[PDB]
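Data first, discussion second: the structure below is written as structure tokens.
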Amino acid sequence: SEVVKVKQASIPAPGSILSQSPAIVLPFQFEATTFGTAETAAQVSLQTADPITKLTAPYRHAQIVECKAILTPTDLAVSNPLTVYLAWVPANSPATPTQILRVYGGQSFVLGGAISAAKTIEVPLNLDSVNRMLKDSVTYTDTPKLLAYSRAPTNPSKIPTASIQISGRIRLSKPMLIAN
Amino acid sequence: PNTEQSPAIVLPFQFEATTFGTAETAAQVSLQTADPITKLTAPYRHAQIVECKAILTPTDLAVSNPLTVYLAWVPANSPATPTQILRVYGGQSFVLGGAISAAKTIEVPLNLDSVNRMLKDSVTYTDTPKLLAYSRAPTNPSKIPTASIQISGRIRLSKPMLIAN
Amino acid sequence: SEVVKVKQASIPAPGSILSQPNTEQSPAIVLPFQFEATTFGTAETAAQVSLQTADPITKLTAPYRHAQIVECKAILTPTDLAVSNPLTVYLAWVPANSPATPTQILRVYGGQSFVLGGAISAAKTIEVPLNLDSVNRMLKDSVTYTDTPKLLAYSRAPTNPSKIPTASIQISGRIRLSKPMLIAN
Amino acid sequence: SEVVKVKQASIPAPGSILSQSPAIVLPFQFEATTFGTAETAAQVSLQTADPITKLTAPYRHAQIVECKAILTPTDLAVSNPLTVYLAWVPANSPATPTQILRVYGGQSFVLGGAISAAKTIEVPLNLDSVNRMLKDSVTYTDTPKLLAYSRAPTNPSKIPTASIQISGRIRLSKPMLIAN
Amino acid sequence: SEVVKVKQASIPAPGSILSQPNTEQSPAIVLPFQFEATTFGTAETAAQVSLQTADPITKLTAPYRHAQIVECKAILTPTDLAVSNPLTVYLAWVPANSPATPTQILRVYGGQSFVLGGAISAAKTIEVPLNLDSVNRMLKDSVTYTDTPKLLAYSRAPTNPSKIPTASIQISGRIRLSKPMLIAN
Amino acid sequence: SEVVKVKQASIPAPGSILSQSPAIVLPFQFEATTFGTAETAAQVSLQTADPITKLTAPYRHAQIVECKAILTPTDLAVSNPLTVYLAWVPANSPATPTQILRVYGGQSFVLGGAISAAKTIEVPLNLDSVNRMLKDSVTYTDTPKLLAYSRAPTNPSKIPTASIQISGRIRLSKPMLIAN
Amino acid sequence: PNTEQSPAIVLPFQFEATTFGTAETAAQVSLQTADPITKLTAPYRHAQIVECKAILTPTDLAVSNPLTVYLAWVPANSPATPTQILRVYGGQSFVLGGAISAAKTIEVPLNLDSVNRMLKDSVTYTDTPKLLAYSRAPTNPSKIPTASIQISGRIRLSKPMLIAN
Amino acid sequence: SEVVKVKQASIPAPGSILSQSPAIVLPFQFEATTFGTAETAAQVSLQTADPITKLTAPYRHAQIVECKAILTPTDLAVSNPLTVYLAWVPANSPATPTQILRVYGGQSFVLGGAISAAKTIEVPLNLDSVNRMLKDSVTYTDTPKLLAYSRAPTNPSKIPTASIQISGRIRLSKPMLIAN
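Now the structure itself:
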């Protein structure tokens, strides 16, 4: 029982931003991907992830205050373990989930099995690595993007074995004239 | 009361309140029920009106079938009926159909002193803003509105609401 | 054994409360309480328990007019059954006037997932305290409020359902009861 | 001849109110109930009593400044006495007039008969017991409510034997946009 | 009308009470109460009501372990019936671990006699407060005491018995409830 | 409702006492006599009244601290009034109840009737008139003695119309070696 | 505890506790039940023993039918039985019948440190004084006691009890 | 290997005691109950538990200095786990072992199984909750009482799977005159 933070080795390389009113900070937590049913290799791009933009929609400026990736195993993992790869990279990175371990910072976690415990692994996004702005007057390519991958499950089933959510907080600024 | 300085943002909004022509119309529009307004107040736990007015827009169809609408803002409490709008203080009566003039865009303001500007708090207030509008049975209905009423304004949101996503 | 206190990611957002006139105040008592919220293992159980409606709590709250929570925590308790018959539980303390079906707990900010049994040291009791600044402490007053605390929990239909629960959640805490109401006797 | 104040044993338990312009204070005095024709058990709730609201109607805020229950016997009572029960309780109280004496404060008065005098009994409402606000931006349940009861008269007639009025003063605030 | 408070001749004789360790004390509430003690007019009624056994009082006392009286008074209430059908009542606040049948109230030190109805201004309500230094204030504690308050009242079989009482006695007061007991829920 | 003290005109003439340990003061209240069944003329002598001595028995010294005569009418008196005479005199007094009004201090009270109220009359014993000691190493003749009388009731019945009790407090001293 | 200075008086007393000869006797005399003691503690609400002893008096009949009695004081709590008196600390064994000598009047004291001296308070104490006495079945019973046990002492009374008379 | 203290949520509510010599403090440790053979629901009342009184017997005063409940699993539990409930409540509590979890403080422990370790769980008795005196000049109802319960074992056997002992220290005062 409990959770554990496992930082991703990072190096300074923040995104450039606009020169530059009232702001509001909202929390969020959607699920990036699920494991267990088939070989899954996801590329979640915070900038365009639906759940995030549903909050973004009404604004012109939205920047990440904090953000972390939450890896969570389920009972199914105890009997049928699995291995997951994780990397927080800028959208520009030509790196594909199938090659996370070849990226500076890329981690590998083993979920399940009778040997281990069912801890919740948290891998925060180092904001000095990548662009904080998810929506601005210009679109940056530096945007934060989560890379995750796991080999096709030894015993596939429509009941997930592990899932990773992305929670955090966004600061919404300059209101956007939208329909409704 | 009002509100302090802790994290707060003001968003604009405008939705359609009611329409006329198709048949006799007597509406009782209540913000704090207005689906449009809520899709905005959904993420927060504290909403507060800052500005709000009702807009009366006739369509060209109006000239052929001139109507005549009544508008009036009143707290939800007010025992006033659409049928008694002109007997209320804010009560207005526009003609529409290109024989009724009333400045670029016909609009009747809220007031705020008249009502409670909450819409969403820890308690459900009773005296929130409500729009009363009546327009009698039209001769030669049409299925295609001859005029409508929009409600535009600005809401102040705070205290983020835990949500799904 | 062991007891593990796992706090829920939270955001300051207290519920507003009516004020008391500066007249002479009413005395006050503080009673403790702890009841069963739900049970897992028999069937897919996805419950929403609202402290407002909470029968056990209000049996204590009955005689008074003004009642506010002091402290509250959700207690997740696995049973020997869960050892060889694991399950995953979702928990979330929500404001009550909030959407969010227990099926969506992993999509709610605080949202947590725990594995009971199966994996090592999974027999521990989990504890998720209710941040009283997350919601509204008032459970009884001149007006009933909208942001009262509500606990969300979900699991999944077991693959080996049994008549005896494999885990449960209790809610314990302490209320501040005041302003006693005039009654028969 | 004359009148007498008979306080009702009360304990501190005021109503909660809203945080929070010009105000006006108006006096009022309507009659709550009448005795003599048949067993009467009234539950006057200041919040919704017609006479009171006729004054309330044009406003958004109305709070009780002072308020008392006035019990008054009539000549009919001299020949055919009666017993009346009185309790000032908050609207929430699950107490019914038939059980006033089982309520802390509940009084019993004997009106009439050759033995006594025909005094007017006054039982004021302790404002620290109950909610003062009769009309506000929210509706409170704490509202003041008068409980009164008397057994069916030994000799019924359409001429009342005793009646109880409720007089007081209300402070009207924030004007309500009404029709007319 | 009128209310007449007629105090009972009394002698200082407080009941000893157990002491509380100087550890941290329990919070405390103070609830009011008022129930019917007896009824006169139907038949010779000679009752002894002990606040200890008092059902209405202990329904309030139930959830707590330590309960003590703050104030208490006996209320004698005549009814219209008593106007043309007088009666005499006897009242006495006794320590409970005291002999004295209500038939002997006029032989007990404090002992009083009142005439309800018949004579002028006899429709008044009589009030006989309970001197809390006369008896023992404790009604619930680590031990049940012997000098707990007890009310004595007597009348006499009426000469014109009726199904509806001609007078009654209520007991109103306020208790100090503390040390809440651990229970189911 | 209520009680009234009616002092008896007295003149200084206390009893002589012995020159002269721990003492205890006990309260008492027995009933001296009853009225209504027949013409009653009682002569209660505090010194030998049974109830008093039941308390006296175990001691050698017992003196009156305070003492009063309590006259109490009953409903029966309302319909069938009566007149009672009262005098507190020393046991030596050659005065008989039939002649109380011819004694300085002797009072007359009218109990009952539709005219009056049913008050409880209290006539205290002036300790400076009479001997305080009820039991001492010598027996005094000065002892306090209550004289009461009432004419035979207009309508006799075995249900008393009025009764007079004697309450007070005694100080018991020097313990007496008694059997048991 | 003990007692302060507020109105208090000390009265003496002596009553018969038990008798022997008629048949086997095994008594368990409890003050605070002893009718004699109570006729004294009846008027008060607080009684307290100051002095107390048990007296053993044989009658001339004893010489003809010498017996042998056991005495012992113990708190009411003590699981001791009359039959086990000599196994108790205070335990005594007198012969009686003019062949047993033990000073003018055979008497066995209380102690007070051994028991609680209350008998009557706001609470009913459990460890109050109790007399244990046993004397086996006598050969040739007699309906006329051969010896008895008296209990004399002094009680401190306070807090007058409301009574009838 | 090792032991772990798991405090029971408690609230201030100590027992009342007598006003009030030499004292001695003795340690003790008996076993309250055993699990494994059948559904067991025990109600150990420190005041009357035999082992405790064997020490109490010779005295008039005995108060708890400290006291804890010791839960200990045995090898049998590894293969056939079980769940135990524990509550320290005053003897007055109308709570039965079958409903411990519905009592503020009531804990639940899972002993055995391949998943966990075989730790010894200790749950001390909060002396401010309950009466400290186990034997006094008056008998209190506030006495400490242990509530424990476990469902009927999946695989019953006469060899215990877990047992709970109660150790502590008592202060014995005023000697009691006993036989022997």
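Chains as they are written, first to last, in the deposited numbering: chain A, 4 to 23, 29 to 188; chain B, 24 to 188; chain C, 4 to 188; chain D, 4 to 23, 29 to 188; chain E, 4 to 188; chain F, 4 to 23, 29 to 188; chain G, 24 to 188; chain H, 4 to 23, 29 to 188.
Backbone N, C-alpha and C define an ideal beta-carbon position, used for all residues, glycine too.
Query raised in the report: For a contact meaning CB atoms closer than 7 Å, what does F/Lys76 contact in chain G?
Result: Result: empty, since nearest Cβ-Cβ is about 17 Å, beyond 7 Å.
**Report entry** Simplified DSSP state of H/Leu21, which is helix, strand or coil
**Finding:** coil
Query raised in the report: What residue range is occupied by the uninterrupted beta strand (DSSP E) comprising D/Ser171?
Result: 170–180
Report task. Please name the residue in F/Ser137, F/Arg177, F/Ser175, F/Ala187 whose C-alpha comes closest to that of F/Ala12. Result -> F/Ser137
Query raised in the report: From the DSSP output, which residues share a beta bridge with H/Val138?
Result: H/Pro17
**Report entry** Near-chain F residues of the region 32–54 of chain G - C-beta to any C-beta below 9 Å
**Finding:** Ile32, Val33, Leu34, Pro35, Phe36, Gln37, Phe38
**Report entry** Length of the line joining the Cα atoms of H/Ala99 and A/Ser124
**Finding:** 44 Å
Query raised in the report: If you measure beta-carbon to beta-carbon, which residues of the region 115–147 of chain F are closer than 9 Å to chain E?
Result: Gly120, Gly121, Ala122, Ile123, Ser124, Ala125, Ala126, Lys127, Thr128
**Report entry** Cα-Cα separation between F/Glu39 and F/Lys8, rounded to whole angstroms
**Finding:** 18 Å
Query raised in the report: Does the Cβ of B/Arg68 have 16 or more other Cβ atoms within 10 Å, making it buried, or fewer, making it exposed?
Result: buried
Query raised in the report: What are the partner residues of H/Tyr148, as DSSP defines its beta bridges?
Result: Looking at the DSSP assignment, H/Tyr148 forms no beta bridge with any residue, so it has no partner.
Query raised in the report: Among the residues of its own chain, which have a CB less than 6 Å from the CB of B/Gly114, if the five just before and after it don't count?
Result: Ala95, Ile108
Requested in this report: Whole angstroms is fine: what's the gap from F/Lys76's alpha carbon to G/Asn188's?
Outcome: 15 Å
Query raised in the report: Tell me which same chain residues have a C-beta within less than 7 Å of the C-beta of D/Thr64, skipping the five on either side of it?
Result: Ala70, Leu142, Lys143
Requested in this report: Taking all protein chains shown into account, decide if F/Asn163 is buried (16 or more other Cβ within 10 angstroms of its Cβ) or exposed.
Outcome: exposed
Requested in this report: Would you be able to state if there are at least three C-beta pairs under 8 Å between the region 126–140 of chain C and the region 77–90 of chain C?
Outcome: yes
Requested in this report: Could you tell me whether the Cβ of A/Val97 comes closer than 7 Å to any Cβ of chain C?
Outcome: no
Requested in this report: Could you give the DSSP three-state label for G/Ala85: helix, strand or coil?
Outcome: helix
Query raised in the report: Taking the alpha-carbon positions, what's the D/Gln55 to B/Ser145 distance?
Result: 23 Å
Query raised in the report: So, does the CB of B/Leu185 fall closer than 7 Å to a CB anywhere in chain C?
Result: yes
**Report entry** Boundaries (first-last residue) of the beta strand (DSSP E) holding A/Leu109
**Finding:** Careful: A/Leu109 lies outside any beta strand (DSSP E) and carries neither H nor E.
Requested in this report: Report yes or no: is there a C-beta of chain B within less than 7 Å of the C-beta of D/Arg68?
Outcome: yes
Query raised in the report: Is the number of C-beta pairs between the region 158–178 of chain C and the region 13–21 of chain C that are closer than 8 Å three or more?
Result: no
**Report entry** Length of the line joining the Cα atoms of C/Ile167 and G/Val97
**Finding:** 55 Å
Query raised in the report: Considering only residues of the same chain and omitting the five flanking positions on each side of H/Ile186, which have a CB-CB separation below 8 Å?
Result: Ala65, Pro66
Report task. Tell me whether residue 25 of chain A sits in a helix, a strand or coil according to DSSP, three-state version. Result -> Here chain A breaks off after 23 and picks up again at 29, leaving residue 25 of chain A without coordinates.
Requested in this report: Please name the residue or residues paired with F/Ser53 in a DSSP beta bridge.
Outcome: F/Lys153
Report task. Would you mind working out which of B/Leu154, B/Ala31, B/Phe36 sits nearest B/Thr61, comparing C-alpha positions? Result -> B/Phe36
Query - Cα-Cα separation between F/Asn134 and F/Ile178, rounded to whole angstroms - result: 15 Å
**Report entry** D/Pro132 (DSSP reduced to helix, strand or coil)
**Finding:** strand
Query raised in the report: With a cut-off of 7 Å, does the C-beta of E/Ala16 fall near any C-beta of chain G?
Result: yes
Query raised in the report: Where G/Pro89 and G/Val118 are concerned, what is the direct C-alpha to C-alpha distance, given to the nearest angstrom?
Result: 7 Å
Query raised in the report: Taking DSSP as the reference, what is the three-state secondary structure of residue 24 of chain A?
Result: For residue 24 of chain A, nothing is modelled; it lies in the interval where chain A passes from 23 to 29 with no residues in between.
Query raised in the report: Which residues of chain C have a Cβ atom closer than 9 Å to the Cβ of D/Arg110, listed in chain order?
Result: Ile186, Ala187, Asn188
Query raised in the report: What in chain B is Cβ-close to D/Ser22, meaning under 7 Å?
Result: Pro24
Query raised in the report: Could one say the Cβ of E/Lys182 lies closer than 7 Å to chain H's Cβ atoms, at least one of them?
Result: yes
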